[PDB]
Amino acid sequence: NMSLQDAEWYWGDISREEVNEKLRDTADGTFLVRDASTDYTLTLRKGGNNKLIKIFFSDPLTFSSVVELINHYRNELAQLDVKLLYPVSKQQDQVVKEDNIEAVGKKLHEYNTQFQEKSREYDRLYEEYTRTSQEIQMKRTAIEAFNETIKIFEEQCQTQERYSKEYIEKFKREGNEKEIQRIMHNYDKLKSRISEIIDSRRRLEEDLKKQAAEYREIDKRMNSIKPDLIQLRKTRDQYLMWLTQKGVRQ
């Protein structure tokens, strides 16, 4: 009960959504105290969840102050089976390394400029990512349609062969040169066509190999921007909060 509003764990007028960002992926024992929607609310991290414990905890009240109730469980805490360990400190003062309103304001304008430019590049990359992913899907469907087409034209050669074998046998024995030439001319036209369909599939397979490579490169570029964009927003938002606190408040 040494201090009052000086305490590092007290945050005051901050929403549950803000506390959820502060406790995200934190170890069991992480905690912070804030003002209730009314009276205060202690939020404790336990088993991957944030636990809301109201401060009025049980009816026989042995706590004299908010700092006395916290420090009692901070040192030694089942009556469940969890003791208050690492408190979220007001660390956030270090993010803004400027003295006056003018210098902070100048740095916020810089960060916001960088953030909007990086946001615009991220959205452009995301549209390219989507478009590339969609076109890769189309080329994969078109290759399957080519495979099926080539199978049918091959079946056609086989069918031409089965049905002409005995007729070419007879025409050669009957001396009809014009009739054999007409058969092999059609077969040539069929083979010429299967060659053209095969080359078209081959070209599409190349374009897909190239677009699949572009995709991996777009994915890599986005996996690089994402963390840098998040950090930039965090900085920007921290400088904005600094200016709100330093400036005339309602």
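Don't overthink the numbering: it's just position in the shown sequence, from 1. In this text, the rigid core denotes the largest set of C-alpha atoms whose superposition between the two forms falls within 1.5 Å.
Between 129 to 137 and 163 to 171, the larger root mean square Cα shift in 8 other deposited structures of this protein, once each structure is superposed on the rigid core, falls on 163 to 171. Relative to the shown model and aligned on the rigid core, the C-alphas in 8 other deposited structures of this protein deviate most, among 43 to 51 and 177 to 185, for 177 to 185. Gap check for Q79 to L80: 4 to 9 deposited residues are absent from the model. The stretch of deposited sequence separating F56 from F57 contains 4 to 9 residues lacking coordinates in this entry. For the pair 93 to 101 and 124 to 132, the record assigns the higher mean C-alpha temperature factor to 93 to 101. Relative to one another, 165 to 173 and 152 to 160 have unequal mean CA B-factors, and 165 to 173 is the one with the higher figure. Within the selection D39, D28, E206, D188, the deposited Cα B-factor values reach their highest point at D39. Comparing the C-alpha B-factors of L108, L84, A145, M138 in the entry, the top value falls on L84.
For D219, the recorded CA temperature factor ranks within the lowest third of the chain's modelled residues.
In the deposited entry, the Cα temperature factor of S65 sits in the top third of values across the chain's modelled residues. Among all modelled residues in this chain, the alpha-carbon of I14 has a temperature factor (C-alpha) in the highest third. Placement of the Cα temperature factor of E196 within the chain: lowest third of the modelled residues, per the deposited record.
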